[PDB]
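Report on the structure given below.
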Amino acid sequence: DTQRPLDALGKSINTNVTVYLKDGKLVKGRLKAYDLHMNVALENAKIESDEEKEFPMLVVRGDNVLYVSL
Amino acid sequence: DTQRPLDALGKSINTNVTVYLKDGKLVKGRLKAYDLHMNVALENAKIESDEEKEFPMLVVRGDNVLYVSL
Amino acid sequence: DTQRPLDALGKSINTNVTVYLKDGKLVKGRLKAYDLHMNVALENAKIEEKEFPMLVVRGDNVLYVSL
Amino acid sequence: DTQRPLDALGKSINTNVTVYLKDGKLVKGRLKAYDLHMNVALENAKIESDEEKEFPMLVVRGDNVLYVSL
Amino acid sequence: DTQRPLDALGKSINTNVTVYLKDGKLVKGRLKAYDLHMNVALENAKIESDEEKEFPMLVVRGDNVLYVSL
Amino acid sequence: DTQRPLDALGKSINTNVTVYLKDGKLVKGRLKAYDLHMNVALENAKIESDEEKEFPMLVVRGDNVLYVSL
Amino acid sequence: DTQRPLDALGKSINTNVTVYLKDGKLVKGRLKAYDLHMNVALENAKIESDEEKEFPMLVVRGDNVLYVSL
Ligand SMILES: [Ca+2]
Ligand SMILES: [Ca+2]
Ligand SMILES: [Ca+2]
Ligand SMILES: [Ca+2]
Ligand SMILES: [Ca+2]
């Protein structure tokens, strides 16, 4: 709907999304949940730098978000 | 309406807009949705300085927005 | 009314105003609309050419508005 | 009343005040209106960045305010 | 009451307090009023490092406050 | 539930979590409580900037939170 | 209660706590009051940086708080 841009997050549940953060971080992961604050829960998340690190479950606070690429 | 500046986003649904962000980024895309926080959903979005990177769907958190060119 | 400072924008609708932003930008343009957040819609706007038919400015960026 | 600090602005309506801003600016002008966000309307406003432009009418966003000298 | 920290401000009404600001300023003055945002009204306010800068009445926006010394 | 990202915190009650803060700090501890602001009470908590002290109870203010690793 | 993290502050009333602020300050004193914004009233407070200044009663604005150590 033209007035609910966060509904696009719902269409991406159980896919990999890229959450860009204000501080320049890129957080990629499997979107498990999101709310109207754009808080999100990401499964098996990875931070673009530094790499190698692995996050079974990551809850990202919405206010840190720049944009989400679905 | 002189009291509803965001109604101008409603008249630009499915057009190309440029969202200027507080950090200097320019995001161009087709406006699919917006809410009263100025969250916007941009289809086939593009950010300058990174040309050939393209985002099929970018959900932009309103609090990062400087202004929106319609 | 001494308690409605934003009514000054209502009296400036369809006139040229200058929006000063927190970053030092001066956005000039014709005021079409505003809200209690101080979001504004500016018609035929400039940032001192590069011109914008319609620019919707988010209120939390505003320093002050010259009417 | 001791629970209403912004009533001091009410006692200074139509007098000259100095609005100190977070960024170090000082704005002087005659106080025509204020609200509970500390938004203020200033007539014949001068900013000490230049002492020759008298803005007929300046509306200052309250969240930029450090303090107001009455 | 142990759930109303700002009631301590109430016990300092019409006495001298020091308001520490986020940016490192100290503002001293006689507390006339305060609200739940920690906006405060100060009579005969002085800033510590500007000895001669005197203010008959200063209204301080509370979101600049670090803490208040009573 | 796909609309309740913070329920992942409720499942992590009485387990060890890592709270990443906006300033780069990492706070690690046993999660006893959280709220919809992402305030969290952490028992026997450790700062990686000091991984020797074991604070009996740390209440972290959620507005500082970048993401929590669960 | 697992959804009331600030209740831990209520358990610490009239004991000595240490409030960590975002600017790196540590404020120690006896907790007399708190509220849901994490404003706190600290009696006979001390700041680690300047351990010679007494603060008989300090009201600290919650938005400056990093975490409280109980
Ligand atoms: Ca267009
Ligand atoms: Ca808004
Ligand atoms: Ca306020
Ligand atoms: Ca405002
Ligand atoms: Ca203690």
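A, B, ... follow the sequence lines: proteins, then strands. Residue 1 opens every chain. What's counted below: heavy atoms across the whole structure, side chains too, no hydrogens, waters or symmetry copies.
Residue B:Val59 touches chain A through both its backbone and its side chain, counting heavy-atom pairs closer than 4.5 Å. With a threshold of 4.5 angstrom between heavy atoms, B:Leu6 does not approach chain A through any atom at all. For B:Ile13, the part sitting under 4.5 Å from any heavy atom of chain A is the side chain, from C-beta outward, and nothing else.
One distance of note links CG of B:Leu31 with OG1 of A:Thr2; it measures 9.0 Å at 0.5 Å rounding. Distance check: B:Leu21 CG to A:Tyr67 OH gives 7.0 Å after rounding to the nearest 0.5 Å. Atom CG of A:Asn64 is separated from atom CZ of B:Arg61 by 8.5 Å, given to the nearest 0.5 angstrom. Separating the CD atom in B:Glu54 from the OG atom in A:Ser69 is a distance of 11.0 Å, to the nearest 0.5 Å. Summarising the geometry, atom NE2 belonging to B:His37 is positioned 7.0 Å from atom CG belonging to A:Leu36; distances are rounded to the nearest 0.5 Å. Rounding to the nearest 0.5 Å gives a distance of 6.5 Å between CG of B:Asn39 and CE of A:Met38.
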- [ ] Under the salt bridge (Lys or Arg N to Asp or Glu O under 4.0 Å) rule, what do A:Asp7 and B:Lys32 come out as? Steps first, then yes or no, please.
- [x] CA-CA 11 Å; A:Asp7 279 8; B:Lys32 307 295 289 199; over 6 Å; no
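Residues A:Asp1 and B:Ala33 come closest through the heavy atom pair O-CB, 3.6 Å.
At least one side-chain heavy atom of A:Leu66 sits less than 4.5 Å from a side-chain heavy atom of B:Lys25. Proximity of A:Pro5 to B:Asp35: side-chain heavy atoms (C-beta onward) are separated by under 4.5 Å at one or more points.
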